[PDB]
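*Asks:* Before anything else, here's the structure in question.
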2 protein chains.
Amino acid sequence: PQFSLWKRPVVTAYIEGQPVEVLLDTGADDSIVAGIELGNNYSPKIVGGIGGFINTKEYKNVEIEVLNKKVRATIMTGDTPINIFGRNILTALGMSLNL
Amino acid sequence: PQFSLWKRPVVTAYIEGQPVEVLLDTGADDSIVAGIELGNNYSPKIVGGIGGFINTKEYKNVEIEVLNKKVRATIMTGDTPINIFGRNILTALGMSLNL
Ligand SMILES: CC(=O)N[C@H](C(=O)N[C@@H](Cc1ccccc1)[C@@H](O)CN(CC1CCCCC1)NC(=O)[C@@H](NC(C)=O)C(C)C)C(C)C
């Protein structure tokens, strides 16, 4: 699949079965999602962006189904306006940015 | 050429002749650079990301050179920790995200 970038590269992903719309983001080191419950196996983490920092709960080894691929990766939950799938997930998928 | 994403996709871009390191960012709608004084013909804007909003100054038709490609694009200056080339510049360069 090729994303031309004329529109936001958004797809539907399944995180432990829960469907979520995420943005494929090359400018994010991590993945952060809002609105899903993942349980008690987390450590609190601080993540910084353009307007400042935010607290998140970091879950490691979460099962993710996206673009017909299945991967286990770290996911953070927190107050984000858009669900982000950063490089930790993009590299696992084998996705690249081409010029 | 391709960016495999194991590392942040960073390049040296020349903006109106000045070299600057920028992050190629598919999760960004706009481009925001710090430390470039382009004059007073800009439009005041506000851009939001993780953590909140920042005030930016938008300039149109700015000369940008990346890996020997030259385009004129819209660019914003503002207090950003990292310089970002968002989708408006990535499309102008013909970049795409592939799997
Ligand atoms: C609306 C929009 O496109 N905002 C962009 C933006 O903040 N994009 C974020 C993801 C995003 C978009 C919209 C709403 C909320 C979040 C992302 O693509 C770019 N930023 C770049 C950061 C990098 C660290 C220094 C400051 C700039 N990435 C992040 O915020 C991520 N942080 C890190 C460290 O990777 C975070 C999502 C995990 C601006 C750069 C123009």
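For neighbour counting, all protein chains shown are included, and Cβ atoms are generated from backbone atoms with ideal geometry for every residue, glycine included. Only the coordinates and a few stated rules stand behind these numbers; no lab work does.
*Asks:* Once you treat every alpha carbon in the range A:3-99 as an equal point and sum by Debye, what is log10 I(q)/I(0) at q = 0.13, 0.23 Å⁻¹?
*Replies:* Log10 I(q)/I(0), no solvent term: -0.41, -1.32.
*Asks:* Could you please report the charge total around A:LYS45, scoring K, R as +1 and D, E as -1 over all other residues with beta-carbon less than 11 angstrom from its beta-carbon?
*Replies:* Overall, the nearby charge balance is 0.
*Asks:* At A:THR74, label 7 Å along Cα→Cβ: distances to the other copies, nm, ascending?
*Replies:* 3.5
*Asks:* Same structure, new question: What order, most packed first, do the peptides A:23-30, B:29-36 have when packing is the mean number of other Cβ atoms within 10 Å of each residue?
*Replies:* Most protected by this proxy first, the peptides run A:23-30, B:29-36.
*Asks:* In the neighborhood of A:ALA28, defined by Cβ-to-Cβ distances under 12 Å, what is the net charge if each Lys or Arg adds +1 and each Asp or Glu adds -1?
*Replies:* -2
*Asks:* Report the local net charge at A:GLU63: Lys and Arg +1, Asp and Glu -1, summed over other residues whose C-beta lies under 15 Å from its C-beta.
*Replies:* Cβ neighbours under 15 Å give a net charge of +1.
*Asks:* Further, regarding this structure: If you count, for every residue in B:3-14, the Cβ atoms of partner chains within 10 Å of its Cβ, what is the mean?
*Replies:* Per residue, the average neighbour count from other chains is 4.
*Asks:* Which FRET efficiency value, to the nearest 0.05, is calculated for A:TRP6 and B:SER4 with the Förster distance at 30 angstrom and r the Cβ-Cβ distance?
*Replies:* 0.80
*Asks:* Measuring nothing but label to label, 7 Å from Cα along Cα→Cβ, what are A:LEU99's distances to the other copies in nm, shortest first?
*Replies:* 2.4
*Asks:* Rounded to whole Å, give me the distance from the Cα center of the range B:40-58 to that of the range A:51-71.
*Replies:* The range B:40-58 and the range A:51-71 have Cα centres separated by 28 Å.
*Asks:* Report, for B:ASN40, each distance to the same residue's label point in the other copies, shortest first and in nm; define the point 7 Å along Cα→Cβ.
*Replies:* Result, one decimal in nm: 6.3.
*Asks:* Mean residue ellipticity at 222 nm from the helices of chain B, using -39,500 (n - 2.57) per DSSP H segment of n ≥ 4 over the full residue count, to the nearest 500 deg cm²/dmol?
*Replies:* Helices in chain B give a 222 nm mean residue ellipticity of -2000 deg cm²/dmol.
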